[PDB]
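*Asks:* Following this note's numbering, the numbering of the sequence shown begins with 647 at its first residue and continues without gaps. By construction, the Cβ of each residue, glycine as well, lies at the ideal position given by its N, Cα and C atoms.
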Amino acid sequence: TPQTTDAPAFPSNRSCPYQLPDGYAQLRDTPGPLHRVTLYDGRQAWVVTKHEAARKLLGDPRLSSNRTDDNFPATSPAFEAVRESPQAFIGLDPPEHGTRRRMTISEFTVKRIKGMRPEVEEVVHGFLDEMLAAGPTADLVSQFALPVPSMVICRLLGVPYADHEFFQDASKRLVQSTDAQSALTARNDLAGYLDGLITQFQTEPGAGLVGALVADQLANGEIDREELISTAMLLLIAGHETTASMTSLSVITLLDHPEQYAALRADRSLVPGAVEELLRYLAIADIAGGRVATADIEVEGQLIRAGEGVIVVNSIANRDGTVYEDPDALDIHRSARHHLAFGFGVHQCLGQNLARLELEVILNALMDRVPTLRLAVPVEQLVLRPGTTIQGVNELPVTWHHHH
Ligand code: HEM
Ligand SMILES: N#C/C(=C1/SC[C@@H](c2ccccc2Cl)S1)n1ccnc1
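1. Could you give the DSSP three-state label for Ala784: helix, strand or coil?
2. To the nearest angstrom, how far is it from the Cα of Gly744 to the Cα of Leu802?
3. Output the distance between the C-alpha atoms of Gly772 and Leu778, rounded to the nearest integer angstrom.
4. Please state whether DSSP places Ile869 in a helix, a strand or coil.
5. At what residues does the alpha helix (DSSP H) containing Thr745 begin and finish?
6. By Cβ distance below 8 Å, which residues in the same chain neighbour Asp870 in space, the five residues on each side in sequence not counted?
7. Taking DSSP's pairing of strands, which residues face residue 620 in a bridge?
8. Under 8 Å by Cβ, that's how I've got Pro1024 and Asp785 pegged, so tell me the actual separation to the nearest angstrom.
9. Indicate, with yes or no, if ligand 1 has a heavy atom lying under 7 Å from the CB of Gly804.
10. With H, G and I counted as helix, E and B as strand and the rest as coil, what does DSSP make of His886?
11. With a threshold of 8 Å between beta-carbons, can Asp715 be considered close to chain C, or not?
12. May I ask you to verify whether the stretch 722–736 touches the stretch 816–827, counting CB pairs closer than 8 Å and requiring at least 3?
13. Which of helix, strand or coil does DSSP assign to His681?
14. So, using beta-carbon positions, are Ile799 and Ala931 closer together than 8 Å?
15. Can you tell me which of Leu666, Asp652 and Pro654 puts its alpha carbon nearest to the alpha carbon of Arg965?
16. Work out the CA separation of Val956 and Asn712 for me, nearest whole Å.
17. Taking DSSP as the reference, what is the three-state secondary structure of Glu944?
18. Report whether the distance from the Cβ of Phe725 to the nearest heavy atom of ligand 1 is below 7 Å.
19. Would you report the Cα separation of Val959 and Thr1018, rounded to the nearest angstrom?
20. In the DSSP assignment, the alpha helix (DSSP H) including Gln848 goes from what residue to what residue?
21. Where does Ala727 fall in DSSP's three states?
22. Can you give me the C-alpha to C-alpha distance between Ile759 and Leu1005, rounded to a whole angstrom?
23. For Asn999, which residues of its own chain have a beta-carbon under 8 Å away from its beta-carbon, when the five flanking residues on both sides are left out?
24. Using only alpha-carbon positions, find the residue among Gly919, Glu872, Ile950 and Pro719 that is nearest to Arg746.
25. How far does the alpha helix (DSSP H) with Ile1008 in it reach, from first residue to last?
26. Taking the C-alpha atoms as reference points, what is the distance between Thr889 and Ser817?
27. From the DSSP output, in three-state form, read off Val769 for me.
28. Run through DSSP, which three-state label would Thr877 get?
29. Can the beta-carbon of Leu901 be found less than 8 Å from the beta-carbon of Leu910?
30. Anyone know if the C-beta pair for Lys696 and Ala963 falls short of 8 Å?
31. Measuring from the CB of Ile875, is there a heavy atom of ligand 2 at a distance below 7 Å?
32. Could you check how far apart the C-beta atoms of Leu925 and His985 are, in whole angstroms? I think they sit under 8 Å.
33. Considering only their Cβ atoms, is the gap separating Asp687 from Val938 smaller than 8 Å?
34. Using the C-alpha atoms, what's the distance from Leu882 back to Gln846?
35. For the candidate residues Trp692, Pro663, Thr1045 and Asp1014, whose alpha-carbon lies nearest to that of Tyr927?
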């Protein structure tokens, strides 16, 4: 009795940091914008696997972002720690979505991100100062890739970096837990921490976005205290984990494509385009593609019924050869325009240009200060995170030429 199914298990795990899982390549190749999958609990759901259809469905308000809905597509038991939890605007639909998102946009404008560049460069070179002073070997994740965005997002939020070991540990536990209880505990750890910060700011107004939300919107009853906690937690976790993963995966990927890494070093005007290509190619945030239909939607002859879960798999859409010629070739010179690594539409990543700024500063700094950087272990020996979380590696051993 054959085991072939027409609803393969989803998600799949990467076997190479920068390649689609074998099962995803299969979905990429199968014609049609949609494909059935089976989630961890046996429920069937749709995945979107082509680029233009992914944009269209991300733009369709009939695909709700409401994670509290019973039919929202959960890809791991740990999701249940989010289904029964208060809801940042990543999980809201218009019109509620806009009222909450606009409370935070002032910290992520182009003018603010520009103003942050000297501060980001200082943080980047500070952690490189310390890592290089100590000499190889080092774990790039714990010594550089994680602390840099953590320090940056703490200052943006007004979260004291002195507490970094606490919330770095909680952030990891929340995002990578494979059971609801572990994720729920980390959620509650972070919430209790953030609730105390709020009360402190009500005594002594503080800097940063959390300080501003306490002094203004909270004081005016325009955001619930618990929504403020959920909102700060979203930005804190998003600010830590995603950028850190782009750094480690970009280093791995660039060292596996030395001709392009050399071309990048030789002409730094290529770095912004290289960042876009790396974002398209590494597409680390499929876990951010879940949707639930609130009405029937006809998609190129296929029918999404009201109440069905839909996952917009931007990593697969980003390998659509009708948009990106030879889509599985890394090409830092190609047009990676219109990639979906940050989503599309009303929920397109609030932090996208901070992430672009941090990756540019980081790649230039590594090429400037550590041109002899190389992995200290074979790529095959790295441990990749599973497809139920943000893609990446939890450790990245590196070495380099030690200058005394
Ligand atoms: C390379 C790094 C990053 C990637 C690949 C990424 C990816 C994404 C994606 C795909 C979405 C859309 C989710 C959806 O449609 O439901 C999203 C939304 C979001 N991201 Fe990021 N992100 C990154 C970095 C950041 C950073 C540094 C922040 C800083 C706070 C951040 C904050 C957010 C927020 C707040 C949202 C929700 C926006 C909304 O619902 O209106 N992200 N991100
Ligand atoms: N989607 C998404 C996304 C997230 S980071 C915070 C994640 C989270 C997971 C489980 C429980 C609570 C929370 Cl708050 S969900 N992200 C990543 C980059 N930009 C946005």
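*Replies:* So, from the data block:
1. Working through the sequence shown from its first residue, we reach residue 784 at position 138. It is a strand residue.
2. As a working mapping, residue 744 is identified with position 98 in the sequence shown. As a working mapping, residue 802 is identified with position 156 in the sequence shown. When rounded, the distance between both Cα atoms is 21 Å.
3. Here residue 772 refers to the residue found at position 126 of the sequence shown. Here residue 778 refers to the residue found at position 132 of the sequence shown. Distance between the alpha carbons of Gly772 and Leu778: 10 Å.
4. Walking along the sequence shown from the start, residue 869 turns up at place 223. It is coil, neither helix nor strand.
5. Mapped onto the sequence shown, residue 745 falls at position 99. Run containing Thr745: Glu742 to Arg747, per the alpha helix (DSSP H) assignment.
6. One-based indexing of the sequence shown puts residue 870 at position 224. For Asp870, where only same-chain residues beyond five positions count, the Cβ hits under 8 Å are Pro732.
7. Given a span of 647 to 1050 for the chain in the structure shown, any question on residue 620 remains unanswerable.
8. Counted from its first residue, the sequence shown places residue 1024 at position 378. Counted from its first residue, the sequence shown places residue 785 at position 139. About 16 Å separates the two Cβ atoms, so there is no contact after all.
9. If you number the sequence shown from 1, residue 804 lands on position 158. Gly804 Cβ: outside cutoff for every heavy atom of ligand 1.
10. Numbered from its first residue, the sequence shown carries residue 886 at position 240. In the structure shown, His886 sits in a helix (DSSP, three-state: H, G or I).
11. Looking for chain C here will not work: only one protein chain is present.
12. yes
13. Taking the sequence shown and counting its residues from 1, the one referred to as residue 681 is at position 35. The answer is strand: DSSP assigns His681 an E or B state.
14. On the sequence shown, position 153 is the one that residue 799 refers to. On the sequence shown, position 285 is the one that residue 931 refers to. Cβ atoms of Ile799 and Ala931: not closer than 8 Å.
15. For the purposes of this step, residue 965 is taken as the residue at position 319 of the sequence shown. Comparing Cα-Cα distances from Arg965 to each of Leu666, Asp652 and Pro654, the minimum goes to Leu666.
16. Start at 1 with the first residue of the sequence shown, and residue 712 comes out as number 66. Start at 1 with the first residue of the sequence shown, and residue 956 comes out as number 310. Taking the straight line joining both Cα atoms gives about 12 Å.
17. Position 298 of the sequence shown, counted from the start, is the residue given in the question as residue 944. In this structure, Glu944 counts as strand in the three-state DSSP scheme.
18. As a position in the sequence shown, residue 725 is number 79, starting the count at 1. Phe725 Cβ: outside cutoff for every heavy atom of ligand 1.
19. Taking the sequence shown and counting its residues from 1, the one referred to as residue 959 is at position 313. Taking the sequence shown and counting its residues from 1, the one referred to as residue 1018 is at position 372. Cα to Cα, the separation comes out at about 36 Å.
20. In the sequence shown, counting from the first residue as 1, residue 848 sits at position 202. First-last of the alpha helix (DSSP H) with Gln848: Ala826 to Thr849.
21. For this step, residue 727 is matched to residue 81 along the sequence shown. In this structure, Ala727 counts as helix in the three-state DSSP scheme.
22. Against the sequence shown, residue 759 aligns to sequence position 113. Against the sequence shown, residue 1005 aligns to sequence position 359. Approximately 13 Å, taken between the alpha carbons.
23. What you label residue 999 is simply residue 353 of the sequence shown in a count that begins at 1. Excluding positions up to five away in sequence, the list reads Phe754, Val756 and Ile759.
24. For this step, residue 746 is matched to residue 100 along the sequence shown. Measuring from the Cα of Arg746, the nearest candidate turns out to be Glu872.
25. Mapped onto the sequence shown, residue 1008 falls at position 362. Start and end: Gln998 to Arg1015.
26. Sequence index remark: in the sequence shown, residue 889 carries index 243 (1-based). Sequence index remark: in the sequence shown, residue 817 carries index 171 (1-based). If you take the alpha carbons of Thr889 and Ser817, they lie about 13 Å apart.
27. Position 123 of the sequence shown, counted from the start, is the residue given in the question as residue 769. Note: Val769 maps to helix in three-state DSSP.
28. Counting from 1 along the sequence shown, the entry for residue 877 is found at position 231. Correct three-state label for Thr877: helix.
29. Along the sequence shown, one-based indexing puts residue 901 at 255. Along the sequence shown, one-based indexing puts residue 910 at 264. It is not a contact, given that the beta carbons lie outside the stated cut-off.
30. Numbered from its first residue, the sequence shown carries residue 696 at position 50. Numbered from its first residue, the sequence shown carries residue 963 at position 317. In this structure, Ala963 lies closer than 8 Å to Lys696 by Cβ.
31. Residue 875 sits at position 229 when you count from the first residue of the sequence shown. Not so, every heavy atom of ligand 2 lies at least 7 Å from the Cβ.
32. Here residue 925 refers to the residue found at position 279 of the sequence shown. Here residue 985 refers to the residue found at position 339 of the sequence shown. Contact flag correct, Cβ pair sits at about 6 Å.
33. As a working mapping, residue 938 is identified with position 292 in the sequence shown. As a working mapping, residue 687 is identified with position 41 in the sequence shown. No.
34. What you label residue 846 is simply residue 200 of the sequence shown in a count that begins at 1. What you label residue 882 is simply residue 236 of the sequence shown in a count that begins at 1. Each residue's alpha carbon lies about 18 Å from the other.
35. Translated into positions along the sequence shown, residue 927 becomes position 281. The shortest C-alpha separation from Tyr927 is found at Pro663.
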